[PDB]
Each structure stands twice: as structure tokens, then as C-alpha cells.
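# Structural features, examined
The primary structure of each chain is shown beneath.
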Amino acid sequence: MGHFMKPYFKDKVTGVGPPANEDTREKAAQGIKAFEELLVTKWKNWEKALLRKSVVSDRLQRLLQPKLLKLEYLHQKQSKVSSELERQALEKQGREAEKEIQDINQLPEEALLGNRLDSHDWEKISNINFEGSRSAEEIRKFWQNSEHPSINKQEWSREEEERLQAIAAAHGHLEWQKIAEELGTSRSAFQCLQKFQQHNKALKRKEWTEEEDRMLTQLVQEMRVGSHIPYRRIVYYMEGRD
Amino acid sequence: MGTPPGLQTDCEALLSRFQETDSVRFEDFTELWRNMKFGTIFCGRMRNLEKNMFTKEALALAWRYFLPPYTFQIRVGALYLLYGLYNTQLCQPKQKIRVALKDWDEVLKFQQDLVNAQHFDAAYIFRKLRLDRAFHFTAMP
Amino acid sequence: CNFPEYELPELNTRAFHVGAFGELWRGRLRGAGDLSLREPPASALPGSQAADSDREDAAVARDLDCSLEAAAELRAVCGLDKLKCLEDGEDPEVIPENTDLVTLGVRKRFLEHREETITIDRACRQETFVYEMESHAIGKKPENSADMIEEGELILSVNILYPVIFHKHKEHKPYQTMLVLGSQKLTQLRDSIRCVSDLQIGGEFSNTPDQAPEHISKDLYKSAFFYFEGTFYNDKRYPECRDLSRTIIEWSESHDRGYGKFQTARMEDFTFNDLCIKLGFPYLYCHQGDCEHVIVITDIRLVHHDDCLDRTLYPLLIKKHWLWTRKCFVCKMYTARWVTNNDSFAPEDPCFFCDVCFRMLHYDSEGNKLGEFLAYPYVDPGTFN
Amino acid sequence: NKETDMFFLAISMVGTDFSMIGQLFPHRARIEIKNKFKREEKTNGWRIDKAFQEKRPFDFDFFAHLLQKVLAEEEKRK
Amino acid sequence: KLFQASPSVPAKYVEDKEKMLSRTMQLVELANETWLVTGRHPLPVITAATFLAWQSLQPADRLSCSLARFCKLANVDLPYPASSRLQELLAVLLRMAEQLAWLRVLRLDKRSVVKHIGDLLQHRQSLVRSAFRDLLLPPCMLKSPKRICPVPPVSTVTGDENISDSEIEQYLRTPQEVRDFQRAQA
Ligand SMILES: [Zn+2]
Ligand SMILES: [Zn+2]
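Residues numbered from 1 in each chain as written, not as in the entry; some residues may be left out. Chains lettered and ligands numbered in written order. Part of a larger assembly, values for the part shown. Heavy atoms only, no water.

As stated in the entry header, the method of structure determination is cryo-EM and the reported resolution is 3.51 Å.

Shown next, in the form of C-alpha cells:
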């Protein structure tokens with residue numbers, strides 16, 4: 001019974017489906033998205049922990065690779081070369097590279113993490129360290145905007161909330177990047193807007209308006225059968241509800 | 001879905017008791033029905049959809065008893081149970097017994113046998129259910 | 001023979017021709033009036049059968065091969081007073097204690113722990129849609145003569161599963177149940193479905209959000225087809241319609257993919273009476289080139305005078321599953337109307353935004369683009385469910 | 001264990017004639033008898049010597065019968 | 001048949017023939033120099049090397065594939081000791097991975113290492129020469145045998161003429177057992 005779930009037809013030996021159809025190809029060329037794209041999984045603590053591990057590992061390899069490549073090239077040259085003074089100079093270079101790799105080994109994880117806007121091989125991280133389960137750009141956004149330690153993850157202070165409200169009014173509730181910059185607590189535009197919307201009287205309304213009531217009544221009468229109405233789905237059409 | 005919680009026990013107890021009486025008369029079945037007071041089953045703070053699907057499944061299960069391989073008096077008791085369940089319901093419209101195509105003809109032959117057997121109580125009860133059109137012409141029960 | 005049999009107990013049945021099955025049902029009922037759409041006489045208490053006695057006793061005597069006095073005696077014996085131990089005036093909202101039913105003992109056990117100030121309520125019991133649609137349509141008749149169900153017509157129950165699927169549960173399915181007539185063409189069922197995929201739209205509009213596409217997927221594509229008994233039924237009424245079945249035939253017949261030989265037909269060539277179909281066995285439907293639905297023929301029966309006879313409503317909807325609205329991540333409460341990718345402001349990609357949050361975040365008063373992001377208009381299937 | 005006791009009693013009865021040994025048991029080859037000897041000698045050289053000294057009367061029917069009975073008993077109880 | 005987009009195989013598993021050949025060639029020479037080839041069947045080790053090379057050319061998905069699935073896809077009769085040879089090479093792979101700074105810091109494992117084989121091969125020679133100073137021999141006898149070929153006691157004495165005579169009595173049958181032997185195979 002359960003064998004017939006989507007896709008309805010699936011290849012018996014490989015499980016693949018038919019190639020892209022003409023209608024599907026045109027729709028893709030028109031940029032029409034699919035419903036499967038809306039499926040997103042919550043960041044469990046393991047996902048974050050191994051993202052952190054991946055970032056530290058990436059930075060470690062980035063720092064080490066030039067040093068160890070230099071050391072290995074130097075050792076190859078020392079092995080092939082017979083000149084004594086040049087051999088001693090190459091040996092000294094190898095000792096320097098050894099000391100450099102040792103102090104990099106001794107560097108702390110925080111120094112390895114570096115700044116928020118540092119460069120990383122997000123593509124390689126994605127497809128080799130999480131096997132492509134999450135997209136490289138998605139991982140980049142998550143890290144740089146929420147997970148990197150420089151992000152202000154602390155709870156909002158009451159003074160911070162009051163100043164946020166005041167400067168949001170000052171900025172006309174627009175350009176929330178400038179709002180966050182003026183707040184001065186290293187907050188992001190998205191954090192500021194989410195916070196304001198969660199305590200904005202204009203969005204969440206206890207009162208009512210003529211257009212909201214009219215459209216609620218219209219949708220209710222069009223859809224309602226007996227006692228049932230889409231209480232929480234009417235919110236798509238009118239603004240300021242659940 | 002299956003069966004309501006406890007309905008199977010009440011139905012089997014009623015059918016077993018009616019069998020042990022060794023009587024096919026409808027008087028005995030109604031007397032048991034009134035004594036243990038089966039008709040309350042359609043009360044008890046069950047709402048509209050609840051009465052509808054409870055009656056549907058109860059009628060389907062009463063039909064399950066009404067079918068073979070159980071012998072004459074068991075099927076007679078099951079028909080009396082079908083009559084009671086349908087005529088003591090409070091649905092609007094009265095919900096119908098789901099009966100299969102494969103079962104309509106066999107029940108018609110059973111009604112004819114009841115007529116030939118001169119036990120006209122069961123045949124009359126089936127005809128009364130037919131007048132109520134208490135049954136739905138379905139492919140499966 | 002077209003004799004329905006269980007292929008798996010209470011799960012699915014063998015295949016049979018709908019027309020032949022309906023003809024067999026009518027043959028077992030034609031001329032008896034049991035399949036008629038006209039109100040028959042009903043049972044009553046023995047104290048009120050005097051008016052009905054003249055009409056009933058003679059017919060009973062004729063059918064049961066018993067005397068008129070025997071018919072009257074049977075009627076008195078089978079009086080509802082012998083079974084109506086509830087008075088017609090008793091409310092159903094209370095369990096009557098004068099009973100020995102185990103069922104009502106269980107009902108009492110259920111109700112007792114629901115009378116505290118925290119638990120007492122008259123809320124939904126387990127579902128709502130079914131009875132609402134029933135009471136909205138049951139027993140009604142059409143306002144037009146041409147919209148009347150034929151007496152003894154077949155009623156088919158068809159379930160269509162939603163494109164959005166749980167992927168974590170398998171006992172239950174997300175579906176909507178329709179009722180269709182034997183004589184109806186499949187064109188009506190194809191045209192009736194209001195699937196959200198028809199509302200699908202595309203295009204990237206971060207620079208100019210107000211320039212959303214003028215055409216929904218329904219206005220650009222019309223390819224749709226049904227799948228029964230190995231047959232494709234593709235629509236070709238319009239130039240936008242394409243016979244999707246040809247590509248899948250080419251793909252599948254070239255290799256042992258686990259399915260047999262297939263053949264193509266149009267959508268308007270068949271009525272519900274022309275199909276040879278199973279009950280409970282899953283089947284397939286598709287539209288928009290890619291939006292596949294699972295089709296299950298849950299039930300089939302002749303029409304009854306108590307059923308909905310108003311064909312203006314047909315195809316009928318009688319049961320509907322639920323999908324959760326896609327709430328935008330900014331306020332986490334309001335429903336999203338926009339989604340962005342590559343968005344520097346957004347903490348995650350993709351990020352969904354409401355029409356309120358989207359504009360006020362990504363644009364200034366003039367509507368100029370702010371930051372780096374790509375934005376797409378979004379239609380919520382959890383809303384248009 | 002009981003099968004070990006059987007090789008010991010057999011080789012008491014008849015000596016170390018692995019061919020006749022393997023014939024009388026139903027599914028044991030001469031190679032199996034040799035391998036069993038090579039395994040057991042280290043701990044049961046005393047028992048092999050006792051068996052060589054134990055020139056027990058080798059009756060055909062008696063031993064065939066007691067075999068069949070004790071194989072049946074072991075199979076049932078095992 | 002891994003290198004053509006046949007209908008029976010997904011295109012996911014098509015590569016460059018020369019890259020595959022080079023990966024497998026360098027893996028095979030590594031196995032050779034690590035004493036994994038002498039006195040044994042080459043076909044299982046070669047098969048293992050091919051499987052690991054193919055996996056390493058895209059660890060993203062091939063890490064989920066099994067060698068049994070591999071031979072099914074390729075229509076190849078896998079030798080029974082292929083799994084054992086693969087395990088041996090994996091142990092050698094971990095012994096090699098311990099050498100490099102990044103790998104040893106990352107604390108890799110038998111499975112996750114699949115995505116660094118090219119890196120290892122890049123610096124094979126120096127690292128393996130360093131690792132040898134810690135050789136390979138049959139793992140069965142690498143169990144740290146504290147005693148090797150112990151000298152047996154000298155028992156070259158053969159007596160003078162006869163050390164005992166009851167042995168003949170012990171090795172001869174009594175007349176009872178003689179009759180018993182006669183009736184044994186009647
Ligand atoms: Zn759809
Ligand atoms: Zn908003």
C-alpha cells in the first residue's frame with residue numbers, strides 16, 4: 001500500500017523518474033518555484049556543533065596548507081640537492097616551517113574562527129563536510145548572520161527595546177539596517193525588525209478596521225460550511241492576525 | 001476505524017443471550033432490549049458527526065452479525081438488532097445500513113426462506129426496514 | 001464476472017466495470033422502488049399506524065404470503081414501542097444512568113473527566129468538515145431540472161491527495177474526498193479541482209517587487225490527465241495542453257522499470273460508467289506537468305432519496321484534510337507572501353517574509369532595493385488548502 | 001562430550017583403526033577421526049592408553065545397538 | 001561499464017576514465033609498497049582500490065554506497081576476501097592519516113577519511129617513509145609473539161637395544177578381541 005507514494009511511478013531497479021518534461025522545462029525557465037522548496041528543517045544543536053567544527057577545521061586547513069606544502073617542497077629539494085651549504089639553508093627553512101606549524105597548532109580555536117566576514121570555501125564545506133545536505137549559501141548565511149560568535153546573541157535589555165522603538169519611529173520603521181546601526185548594540189537589521197514586529201502595535205491589532213472586517217466576512221461567507229471557518233487561513237488575505 | 005469501544009461486547013452479549021433463549025420470537029428480543037435498555041446508546045453527549053458515524057459503524061457491524069455463516073436464530077437476532085439500531089437512532093436523515101452487492105441477493109433469499117419458514121416476524125421486520133429504505137446499495141459493507 | 005471481492009481485507013477490492021456493476025445493482029432493484037428518489041412510508045408507534053394500516057397491511061400480506069390479519073399482527077408485534085425505550089422528548093446531551101451498556105459505561109468514563117473548569121467545553125470532537133458538508137448538502141434537491149440526479153444513478157467517492165505530503169507518517173494521508181456521478185464525464189472532475197498548484201507563479205523581483213507575474217500557472221499551462229487501469233486520459237481541449245503521457249511511455253517502455261505496457265486516451269473520451277476500476281486501490285492524476293495526485297476510489301453506491309440530489313453542487317466535496325499556514329520568519333506569526341534567497345539580512349536561506357515585513361525590510365519609502373537579496377512572490381498552499 | 005566418549009570407547013573396543021571407526025559412525029570420515037585424535041591426545045593420552053589396555057569385547061550387534069540408542073537419546077535430549 | 005550513461009545505471013556514477021585510472025594506479029602502488037600485495041590474490045585488493053577510488057572521486061553520495069551495490073552496478077563477481085583486503089587497507093589508511101597535522105587534529109575515522117585520499121597521495125612518499133620507521137607483515141603473526149621458534153629439548157637418545165617390552169603386549173589383541181574383529185565386519 002505504501003509503495004505508491006509520490007512519485008507515483010518510480011524505477012524498480014534505480015528508483016529514478018522520467019527526464020524533465022517540456023512543460024516542466026518551460027516552467028523552470030520561467031523561474032516558477034516548487035512546493036518542495038518550502039520544506040526547511042530546524043537547526044538542532046548537533047547541526048550547529050558540527051557547523052562550528054567544520055568552520056574551525058576549514059580555517060585550520062587554510063592556515064596549515066601553505067606552511068606544510070612549503071615544508072614538503074623544501075624537504076623534497078633537500079633530498080634531491082647535494083650542495084652542503086644550500087642543504088643547510090633548506091634545513092633552516094624546514095625548521096622555520098616546523099616552528100610555524102607548531103605555533104599554528106598552538107593557536108586557539110577563537111583565533112582560528114577570526115572575523116564574521118572572513119572568507120571560507122562554503123561550497124566545499126557544504127558538499128564535502130555535510131555531504132551537500134544543506135546548501136553552501138544557506139550555511140554561509142546561517143554562520144555569518146547567526147552562528148558566528150561576533151553576532152550579538154544576548155537577550156534584549158529594556159533600555160535597548162525602548163531605544164529600538166524610538167529609533168524605529170525616527171527612521172519611519174524603514175531601513176532597519178540603519179536602525180540597527182544607530183542602536184549601537186551590534187544588532188542586525190533582521191533582529192531589530194523581528195523584535196519590533198513582535199512588539200509593534202500596528203501589526204498585531206486588538207482593534208478592527210472596516211476593510212479587515214469586510215474581507216473577513218467575505219472570505220467566511222464564501223468558504224464557511226455550517227460552523228466551520230478557516231480562522232487562521234484568512235490571515236493571508238488581511239493583515240495583522242495569526 | 002473498526003468498532004466503537006464496547007459496542008461489540010454489548011452486541012455479542014445480547015446476541016448470545018437471545019440464542020440461549022432458544023426463541024426466534026421478536027417479543028423476547030424486544031423484552032431483552034427493554035430490560036437491559038439498549039436504546040440509551042444513542043444518547044450521552046455525542047454530537048452530530050459523532051452520532052452519524054457511530055450509527056454508520058454500528059449498522060455495519062450489526063450487518064456483519066446478520067450475515068452468514070451463523071445459523072437461523074443468530075441471523076434472526078442480528079436482524080432484530082439491525083431493526084432496533086435503525087429505528088432507535090436520532091440522526092437526521094436516519095443513517096442507512098451499508099450493504100454490499102454480493103449481500104443484497106443473499107439477504108433476499110434469506111428473507112424468502114424466512115417467509116417459507118412461516119416465521120413472519122423476521123420477514124416483516126426486514127420489509128419494514130425496506131420501507132424505511134434503511135439500507136444503502138454499496139459495493140462493500 | 002463483475003462481482004466485487006476483497007483483494008486485501010478492508011483495504012482494497014478487485015477490479016470491475018462500473019457500468020456493469022451499476023446495471024447489476026439496478027437489476028436487483030429496478031421496479032421495486034427501493035432505489036427511487038421518492039420519500040417512502042416510515043415506521044411509527046403502534047398508536048399511530050391506523051392511517052398507514054390500510055396501505056401497509058395489504059402490501060405486507062402480499063409480499064410475506066400471510067393473511068391481512070397476520071400482517072396486522074406482525075405490525076402490532078413489531079411496533080416501535082417495543083424498541084423505543086427512549087421517549088422522543090429526551091435530549092442526547094446526557095448519558096441516561098438507567099442502562100447496562102458497556103458502551104455507555106465507556107462513554108461515562110470519557111465524559112466524567114471532561115467536566116472540570118479546565119476541561120469543560122463544547123469544542124470539536126475529532127473532526128468538523130464531514131458533518132458540516134453533510135448537513136449542508138444532505139437531503140437537498142436542485143433549483144434546476146437539468147441538475148437532477150437520475151433515479152438509481154451510481155455515486156462514486158473519489159479521494160485526491162494533496163501535492164504536499166507529510167513524508168513522516170504513513171497510516172493517514174492528506175486528501176480531499178469528492179462525490180461524482182456515473183454519467184458525469186471526467187472533464188467535470190478535472191475542471192472542478194481547485195489545487196493551489198494552479199495558482200503557482202514565478203519570477204524574481206528583488207529590484208521591482210510590484211512587477212509580479214500577471215499570469216498564474218493556470219493561465220500559461222493546462223496539461224492534466226488521469227490514470228486508471230493503465231490508461232492515460234490526457235486533456236487536449238486547449239493549445240496550452242500537452243500530452244504528457246507520451247514522454248513517460250517513451251521513458252518507461254525502453255527499460256524494465258517495474259510497470260507494464262501503457263496506452264494513451266483523451267480526458268473527454270470517458271465517463272465514470274466506462275471505467276473498469278478497483279475500490280481502495282491507489283491510482284494517479286496529474287496536472288501542470290508535474291503536480292501528481294493520488295486517486296483512491298474509496299466507495300461506490302447507488303443514489304438514495306436521502307442523499308444530495310442537487311447536481312449544481314456536483315462534484316461534491318465531503319471530506320478535507322488540513323495543511324498548516326506558512327508563517328513568515330520575521331514576526332513568526334503572520335503568513336508569508338514573499339520568499340527571498342541569497343538575502344544578506346535573512347539569517348537563513350530560503351527565508352519567508354510577509355507582505356508587511358518584506359517591503360519595510362528590503363525597501364525604503366521610495367521602494368528602492370536595499371542590501372543584497374533575490375525576492376520571489378509566494379502563494380501559500382497551507383492557506384489556499 | 002558424549003561423542004568424545006564414543007571415540008574413546010570405540011578405540012578401546014577395536015583399537016586405532018580409523019577406517020572402521022569412520023565406517024561405524026554415520027557422518028564421520030577418517031580425516032575427522034585423525035583430526036580428533038590430533039586434538040585430544042595432548043589432554044587424553046592417559047585415556048588413549050587406558051583404551052588400548054581396555055580390550056573390550058567388540059560385538060557387532062551389541063555396539064551397533066548401543067550406538068543407535070545413545071545417538072537417539074542424545075539427539076532427543078540435546 | 002561505469003563510464004557510459006547506460007539506462008540501467010544513474011548518470012551520478014560516470015567519471016573520467018583517466019582520472020579513475022590514475023587514482024586506482026596510485027592506490028595500487030601504495031598498497032604494493034605497504035607490503036599488502038606479496039603472497040596473496042591481487043584481484044581483491046585491486047577491486048577494493050577501485051571501489052575506494054570511485055568513492056573518493058565524489059564522497060558526497062558514494063560514501064553511502066556499498067561494495068556489494070558497487071559490484072551489482074558494475075556486474076562484477078567480487079572475491080570473498082575483498083572485504084578483508086579493504087579493511088586491511090583502511091587500517092593502513094588510518095596509520096597514514098595519523099601522520100599529517102590537519103588530519104591528526106581533525107580526529108578522522110575509517111568512514112569520513114574518504115574525502116582526503118588525494119591529499120594523502122599527494123604527499124605519499126615522505127609520510128610513508130616516516131611511518132615505516134614506527135613495516136607491514138601478516139597481521140596474524142603481528143600479535144606481539146614474545147616467543148619465536150622455541151628450541152625443543154634434546155631427545156636424540158634412542159636407547160641401547162630395547163627400552164621396554166610391554167608395549168608389544170599393549171599393541172596386540174587378545175583372542176576375545178580377535179574373534180570380535182572377525183565378527184566385526186561379517
Ligand atoms: Zn495539484
Ligand atoms: Zn510583517
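Right, let's talk about the interface of chain D and chain E for a bit. As a measure of interface size, the accessible area lost when the parts come together is often cited. Taken residue by residue, the interface counts 13 residues in chain D and eleven residues in chain E. Regarding the contact of chain D and chain E, the summed buried area is about 1100 Å², with carbon and sulfur atoms giving 55% of it. Summed over the shared surface of chain D and chain E, the number is one salt bridge. Our count for the contact surface shared by chain D and chain E stands at six residue pairs in polar contact. The set of elements that each furnish at least two residues to the side of chain D that touches chain E consists of α1 (2-14) and α3 (30-53) of chain D. (Contact = heavy atoms within 4.5 Å. Buried area = accessible area lost by both parts, 1.4 Å probe. Salt bridge = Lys/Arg side-chain N within 4 Å of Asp/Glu carboxyl O. Polar contact = N/O pair within 3.5 Å; in protein donor to acceptor, adjacent residues only side chain to side chain. Helix = DSSP H or I, 4+ residues; strand = E, 2+ residues; numbered from the N terminus.)

A few words now on the coordination of the zinc ion (ligand 1). Residue and element names in this part refer to chain C. The protein atoms donating to the zinc ion (ligand 1) are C195 (SG), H287 (NE2), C291 (SG) and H293 (NE2), with metal-donor distances spanning 2.0 to 2.3 Å. One way to put it: the four donor atoms around the zinc ion (ligand 1) meet at angles of 93 to 122 degrees, and that makes the site tetrahedral. One chain supplies every donor to the zinc ion (ligand 1), and in sequence these donors are spaced C-x91-H-x3-C-x1-H. (Donors = N, O, S within 2.8 Å, 3.2 Å for Na, K, Ca; no water. Tetrahedral: all angles 85-135°; square planar, octahedral: opposite > 155°, others 65-115°.)

In total, this model carries 80 salt bridges over all chains according to the counting rule given. Residues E131(A) and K115(E) are paired through a salt bridge, measuring 2.7 Å at the closest nitrogen-oxygen approach. Linking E131(A) in the loop between α5 (122-129) and α6 (136-147) with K115(E) in the loop between α6 (101-106) and α7 (117-122), this pair reaches from one chain into another. Using a relative accessible area of 31% as the deciding quantity, one classes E131(A) as partly exposed. Look at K115(E) and you get buried, because its relative accessible area is 19%. (Buried < 20%, exposed > 50% of the residue type's maximum accessible area, 1.4 Å probe, protein only.)

Before going further, it helps to examine a nonpolar patch on the surface. Taken together, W35(E), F132(E), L135(E), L137(E), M141(E) and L142(E) make up a surface patch of nonpolar side chains, about 610 Å² in accessible area. Mapped onto the secondary structure, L142(E) falls in the loop between α8 (124-132) and α9 (166-170). (Patch = residues over 30% accessible without salt bridge, like charges linked within 9 Å, V, L, I, M, F, W, Y side chains within 5 Å. Areas by Shrake-Rupley, 256 points an atom, 1.4 Å probe, with all protein chains shown as cover.)

Right, let's get into a positive patch on the surface. All names here are of chain D. A cluster of basic residues, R30, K34, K38, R39 and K42, forms a positive patch on the protein surface. Tracing the backbone shows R39 in helix α3. Residue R39 is classed as partly exposed on the basis of its relative accessible area, which comes to 43%. (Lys, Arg positive; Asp, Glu negative; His and termini not counted. Charge placed at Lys NZ, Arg CZ, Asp CG, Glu CD.)

With 66 residues of chain A at the interface, the matching set in chain C holds 88 residues. The junction of chain A with chain C conceals about 6900 Å² of combined surface from both sides, 64% of it contributed by carbon and sulfur atoms. One can count nine salt bridges joining chain A with chain C. The partner of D23(A) in a salt bridge is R242(C), with the nearest N and O atoms 2.7 Å apart. In terms of residues, the side of chain A that touches chain C owes the most to one element, helix α9 (residues 189-198) of chain A, which gives six residues. Counted by class, the side of chain A that touches chain C contains 28 nonpolar, 16 polar and 22 charged residues. (Nonpolar A, V, L, I, M, F, W, Y, C, P; charged D, E, K, R; others polar.)

Going from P68(B) to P69(B), the amide bond is cis rather than trans, its omega being 5 degrees. The residue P69(B) is located in the loop between α3 (48-66) and α4 (72-87) in this model. Residue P315(C) is bonded to the preceding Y314(C) through a cis peptide linkage, with omega at -5 degrees. Its identity as a non-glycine residue notwithstanding, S186(A) has a phi of 60 degrees, on the positive side. Residue position: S186(A) is located in the loop between α8 (176-183) and α9. Here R45(B), not a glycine, exhibits a phi torsion of approximately 55 degrees, which is positive.

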